[PDB]
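[1] here is the input, now give the coordinates:
(5 chains)
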Amino acid sequence: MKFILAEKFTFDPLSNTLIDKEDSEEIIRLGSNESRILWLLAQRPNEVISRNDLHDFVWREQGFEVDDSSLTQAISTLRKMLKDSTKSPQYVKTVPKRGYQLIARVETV
Amino acid sequence: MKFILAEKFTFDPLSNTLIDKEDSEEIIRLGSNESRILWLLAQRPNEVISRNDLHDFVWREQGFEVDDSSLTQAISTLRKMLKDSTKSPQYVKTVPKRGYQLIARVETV
Amino acid sequence: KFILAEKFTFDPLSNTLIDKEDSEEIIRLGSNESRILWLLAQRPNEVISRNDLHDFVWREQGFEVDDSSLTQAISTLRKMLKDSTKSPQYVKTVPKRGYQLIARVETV
DNA sequence: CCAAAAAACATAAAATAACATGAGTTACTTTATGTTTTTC
DNA sequence: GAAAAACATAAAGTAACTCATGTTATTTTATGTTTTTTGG
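    Residues are numbered from 1 along each chain as shown, chains lettered A, B, ... in the order given. Coordinates below:
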């Protein structure tokens, strides 16, 4: 199932690809963690997803155990890949002591 | 659920954004606390919400324990984001020894 | 639980190597290195083709590594084992045909 | 019914925790370079 | 003998992961203003 983010990007969770419609020819290539993160964020749009839940889904449930540091780093990487800014955010937003939240628009295919 | 306050601001309690109609091309980013206060106030318009009720919804009913000072400080900040005047209050009014109340007009969307 | 050359005790489920001279460092094998030793010890003094080794060690769906990776894991496994490339004492090369565990293998 | 005192709230620092980034590590794959074995 | 092929080792490349250190949000403190209460 592919997703359209913010009227700009097209995210494919299978192939783990992000295609910007402003470049369209250029395929942004996401890591697994960053794809799984973006997936779960889109599955719960405009909802604040706890650090434990992201950790659970992105790592523990897949058989990897990792510091809660590794989530803060994945998000930095995801935001880089999205050309988001930490302020002023347009795609991934931070809610201290609560988790992360996908404030961009989410359409399915 | 979006809200229109005082026929000037557009309040989005989920994204935590404030668009002033006079500054339509500019997003005002509230803290979580400031956002959750304005939410609860707007949800009972022109009603006095006790200090404790504000405290419980904004902090305790989220697993966060803080001194009552944190509310006074979030209100100050909320007002600053609103450019409310402390005494000739347009939006958020103090009811000493009771709490705070939203005196501005509240329309859903 | 395998004992190799009356010296190392290999545990393929924790990927660990205990040298019995100084049981004070649990020698930590990589995945590929462990799975190689696992198959060799499972079939002692047999020559296992490269492809059977590759199949056993590398199964990841969609991504198939080059034959190069096996030559490198054997190097790495021998290093960990203190195996000499001539004359081999644990893992032996059979050109055009694969590798072969010549060390003594006892179970449990 | 008032003036003064005590209490409640407001604001700006200041402290502190949470999160963001820059920089190093680690494990895995592959190449670059060096050695041996096979085949004619 | 010399080439071709096969195997061995060290060194380079990459993403995950981690650690050190920078940024900012949240909480609390110190000081200032207003409101409530109270004593005379």
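[2] spell out which residues of chain A are next to DNA strand E.
    A:31-34, A:59, A:64, A:66-67, A:69-70, A:73, A:86-87, A:95-97 (Cβ under 7 Å from any atom of the strand). Placement of C-beta: from N, CA and C, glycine included.
[3] restricted to strands, list those.
    residue A:95 (DSSP state E).
[4] all strands of chain A, in order?
    Under DSSP E, chain A gives strands at A:3-5, A:9-12, A:17-20, A:27-29, A:48-49, A:92-95, A:99-102, A:106-108.
[5] mind listing residues that contact the shortest one?
    Residues outside strand A:48-49 that contact it (Cβ atoms under 8 Å, 6 or more residues apart in numbering or on different chains): A:40, A:41, A:95, A:98, A:99, A:100, A:101.
[6] for the residue in chain A that DNA strand E sits nearest to, grab the count of nearby residues.
    Proximity of chain A to DNA strand E (Cβ to the nearest atom of the strand) peaks at residue A:31, 2.7 Å away. Neighbour count of residue A:31, defined by other Cβ atoms under 10 Å in any protein chain shown: 13.
[7] ditto for residue A:10
    16.
[8] that one and residue B:90: what is the separation?
    44 Å (Cβ to Cβ, to the nearest Å).
[9] do residue A:95 as well
    Where residue B:90 is concerned, residue A:95 sits at a distance of 28 Å (Cβ to Cβ).
[10] residue A:10 is in contact with residue A:38, correct?
    No: at 11.7 Å, residue A:38 does not count as touching residue A:10 under the criterion of Cβ atoms under 8 Å.
[11] near DNA strand D at all, the longest helix seen in chain A?
    In chain A, with assignment by DSSP state H, the single longest helix is helix A:69-82. Yes: using Cβ under 7 Å from any atom of the strand, helix A:69-82 reaches DNA strand D at A:69, A:72, A:73, A:75, A:76, A:79.
[12] do that helix and chain B meet?
    No: Helix A:69-82 lies apart from chain B when judged by Cβ under 8 Å from any Cβ of the partner chain; the minimum separation is 15.8 Å.
[13] buried sites along that helix?
    In terms of neighbour count (16 or more other Cβ atoms under 10 Å in any protein chain shown), helix A:69-82 has its buried residues at A:71, A:74, A:75, A:78, A:79, A:81, A:82.
[14] who does that helix touch, helix- and strand-wise?
    Helix A:69-82 sits against helix A:32-43, helix A:51-58, strand A:92-95, with contacts defined as 3 or more Cβ pairs under 8 Å, 6 or more residues apart in numbering or on different chains; DSSP states H and E.
[15] coming back round to it: in TSV: the strands of chain A, plus distance to residue B:5.
    Supplementary listing: these in TSV, determined by distance: least, Cβ to Cβ, whole Å:
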stretch	distance to residue B:5
strand A:3-5	29
strand A:9-12	32
strand A:17-20	36
strand A:27-29	39
strand A:48-49	22
strand A:92-95	22
strand A:99-102	22
strand A:106-108	27
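[16] hey, which of those strands is tucked in deepest?
    Mean neighbour counts were compared across the strands of chain A using mean count of other Cβ atoms under 10 Å in any protein chain shown; the top stretch is strand A:99-102, at a mean of 22.
[17] which elements pack onto it?
    Contacting strand A:99-102 under the criterion 3+ Cβ pairs under 8 Å, 6+ apart are the following elements: helix A:32-43, strand A:48-49, helix A:51-58, strand A:92-95.
[18] okay, these in JSON lines with distance to residue B:25 next?
    Shown next, in JSON lines, are the helices and strands packed on strand A:99-102 (distance: least, Cβ to Cβ, whole Å):
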{"stretch": "helix A:32-43", "distance to residue B:25": "26"}
{"stretch": "strand A:48-49", "distance to residue B:25": "26"}
{"stretch": "helix A:51-58", "distance to residue B:25": "32"}
{"stretch": "strand A:92-95", "distance to residue B:25": "19"}
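[19] closest to DNA strand D out of those?
    Comparing the helices and strands packed on strand A:99-102 by Cβ to the nearest atom of the strand, strand A:92-95 comes nearest, at 3.5 Å.
[20] adjacent strands (with direction) for the closest one?
    strand A:99-102 (antiparallel) (DSSP bridges).
[21] pick out the most distant pair among the residues of chain A next to DNA strand E.
    For these, the farthest-apart pair by Cβ to Cβ is A:64 and A:87; their separation is 30.7 Å.
[22] burial count for residue A:61?
    Neighbour tally, residue A:61, other Cβ under 10 Å: 10.
[23] to clarify, my last question referred to residue A:105.
    With other Cβ under 10 Å as criterion, residue A:105 counts 13.
[24] which residue sits closest to it, ignoring its sequence neighbours?
    Leaving out its chain neighbours, the residue that sits closest to residue A:105 by Cβ to Cβ, 6 or more residues apart in numbering or on different chains is residue A:6, at 5.5 Å.
[25] with just CA atoms, put the longest helix of chain A into CSV.
    Output of helix A:69-82 as CSV, limited to C-alpha atoms (Å, rounded to 0.1, in the frame of the first residue of the first chain):
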residue,chain,number,x,y,z
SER,A,69,18.7,7.0,21.5
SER,A,70,18.3,5.2,18.2
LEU,A,71,14.8,6.6,17.7
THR,A,72,15.9,10.2,18.2
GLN,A,73,18.6,9.5,15.5
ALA,A,74,16.2,7.9,13.1
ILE,A,75,13.8,10.9,13.2
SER,A,76,16.7,13.3,12.5
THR,A,77,17.4,11.1,9.5
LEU,A,78,13.8,10.9,8.4
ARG,A,79,13.4,14.7,8.7
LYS,A,80,16.6,15.1,6.7
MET,A,81,15.2,12.7,4.1
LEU,A,82,11.9,14.7,4.1
